[PDB]
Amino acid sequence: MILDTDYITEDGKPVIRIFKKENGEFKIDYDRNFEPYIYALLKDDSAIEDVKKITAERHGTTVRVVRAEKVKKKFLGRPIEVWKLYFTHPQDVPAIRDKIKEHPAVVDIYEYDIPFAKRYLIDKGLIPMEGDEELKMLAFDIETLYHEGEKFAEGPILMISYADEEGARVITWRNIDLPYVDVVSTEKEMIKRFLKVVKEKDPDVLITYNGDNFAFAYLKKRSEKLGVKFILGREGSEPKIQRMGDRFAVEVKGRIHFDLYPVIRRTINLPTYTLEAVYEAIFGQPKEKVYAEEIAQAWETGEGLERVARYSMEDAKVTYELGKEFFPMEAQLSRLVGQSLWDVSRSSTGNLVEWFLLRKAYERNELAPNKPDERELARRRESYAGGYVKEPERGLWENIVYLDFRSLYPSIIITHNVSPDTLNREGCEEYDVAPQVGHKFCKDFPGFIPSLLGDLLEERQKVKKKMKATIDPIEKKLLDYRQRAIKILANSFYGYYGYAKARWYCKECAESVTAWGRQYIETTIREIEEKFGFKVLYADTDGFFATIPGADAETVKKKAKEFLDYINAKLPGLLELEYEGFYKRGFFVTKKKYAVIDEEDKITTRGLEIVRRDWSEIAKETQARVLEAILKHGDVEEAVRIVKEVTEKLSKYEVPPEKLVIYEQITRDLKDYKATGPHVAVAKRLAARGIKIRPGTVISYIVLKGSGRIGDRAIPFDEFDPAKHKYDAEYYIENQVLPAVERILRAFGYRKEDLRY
């Protein structure tokens, strides 16, 4: 299968490499014949000669238009005639560009920001990740020596761990006595051995967890300190650290660096995103964390290293298992979009739709819109509207089902033929007209985007049936991946339509989909209420929760399924709800916020978690305790007893001052800060006394009883004397603990006043 593509310059000429793995054998194919190009639109077909002779100079050499060619295409369905301007080297384009545009005879340019290696994938109709191939895969993690305030990677790496189908192992430069540890002499040797293991195992995929930001950069700086040629590429080269806009991404040539963190962070909601959180959420069991200060100990002592190594072998073992769960999904998205898994797994859905469209656009000789310019952008961004809103029921409900709207939207786009090339077309036989908001969609021919969604959904239906004709759970799981990927992809078109940066943006389409949505959602709600006696507890843009007042779990579930058939059969054409889960009890605070608990007792929240940087254990501990009281034991009064008791204990200084410490971190030379928060004012005055304060320093403070700013009365927990000092219990109650729990409990009728003391 194709794993990746890139190009290399040689003798000034571009060369495409296609990286494959076919029948257990890695190989690199070459293409020297692929010409870069853009599209230009001309006022008159004659001024071509003035253009076919434009030139700009970059990196010494002058750049010409190696060739022009007049070609006929479609732009948004309507025929268009443009000039396809060829070149010599990909890099020519971002330089000759604005000079071709500026020319008075040129109206516009198109398809001038498509990365050459991706341009290749599309035009030759090549598709990464297709075929039977068993890819060979390796997870790895490192565990470093850390002390607060050190420059990045000043500390040495202590261990490198790796795992795959054969098991996990650790490489460390210190004698430890476990059957999966490989002792070597130094860190320089540790690294070199890791490098050898990778070279020998030759994996197609290296799996990290945030390797994009930590591990690879660490290993880089260390390999420079110790003169190790850090070679992981299959063509003998080092990890290529790349800037993606806001963050970094690391590439290993001829392999697939699969960074789990951006995949899991897109996939699931979570307060935290640690390895041990992620592993737990997905697999059930917890992962016994072993902290940095606890690590530096066992190393500098030499005692309890056998613990610290178990942690590293598990980081690797865990990272592998997560990879194996998440890979087959990203692999499906890669096939579907037709781009490398290295790109796809790092993309937003907005961005998958875009690449998908770009490919299909080509398949259909359809010139692509350009991105928004800077003003056309801001114009869109001001014209923003959301989705379906509905007020929630107060109170704590039982046996609740959740039903999913997300699949309605692409069905709507298909059913009412919603797309920019069908929007307000003059002279049609038939129209669909969006409710409330009035946009007309031609119905004579299928539009571009409805056309392709029709194919995706058909494909999904085909897969879903094939799953029913198979008992083998391995093949069933594999098909299930394909089925869910399509759902993910298809369901991204709604947000995409009103996505300001989108090429095929269309406000009218988004509003139109929102209106038809409101209608079908409203119908569904009316149906489940009137005809099935459900009460709808909460409903937003992607689903609603509902129950039968007073019914029991078996009943509600039976009745929910019956409603699914009824409404799925009744709603027009391809429109269908989906049953996305059941919850023991739950409560719903506003348009956007709620908490529910399932039949295994896993609480889930939305818009309720403490999210502030300057939090405190006492705040977090109390909210946690409240939710458990409400959701797990269904006992609102206990939750009120608990909050009261905490506010009491607070004001009578009997809350362990530890629980009041706030950990905030320093990011720059204090000089540089343009404004001074508390933790910065604490630190600032520590520095005025010549104490070591560096980027990376964790300020740990209490707020004390007094007046005015929080900065003026926050002290280092270090300097806190229980005997002498008095904590600001008013702050901890009003600013910290109560805002964490107030919204939850007002929902049940309780006022702030009731929780106070």
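Just count from 1 along the sequence shown to find any residue number.
Visitor: Can you tell me whether 153-161 has a higher mean C-alpha B factor than 494-502 in this record, or the other way round?
Guide: On average, C-alpha B-factors are higher across 153-161.
Visitor: Which is higher on mean Cα B factor in this entry, 619-627 or 483-491?
Guide: The entry gives the higher C-alpha B-factor average to 619-627.
Visitor: From 437, 337, 608, 385, can you pick the one with the highest C-alpha B factor in the entry?
Guide: Most elevated C-alpha B-factor of the set, per the entry: 385.
Visitor: What's the residue among 367, 333, 574, 85 with the greatest CA temperature factor in the PDB record?
Guide: Going by the entry's C-alpha B-factors, 85 comes out highest.
Visitor: If you rank every modelled residue in this chain by C-alpha B factor, which third holds residue 311: lowest, middle or highest?
Guide: For residue 311, whose C-alpha B-factor we compare with every modelled residue in the chain, the answer is the highest third.
Visitor: Pull the Cα B-factor of residue 138 out of the PDB entry and bin it into the chain's lowest, middle or highest third.
Guide: It belongs to the lowest third of the chain when residues are ordered by C-alpha B-factor.
Visitor: Taking the C-alpha B-factors as the PDB entry records them, is residue 4 in the lowest, middle or highest third of its chain?
Guide: Lowest third.
Visitor: If you rank the chain by CA B-factor, which third does residue 659 end up in: lowest, middle or highest?
Guide: For residue 659, the deposited C-alpha B-factor lands in the middle third.
Visitor: Quick check for you: using the entry's CA B-factors within this chain, is residue 167 in the lowest, middle or highest third?
Guide: For residue 167, the deposited C-alpha B-factor lands in the middle third.
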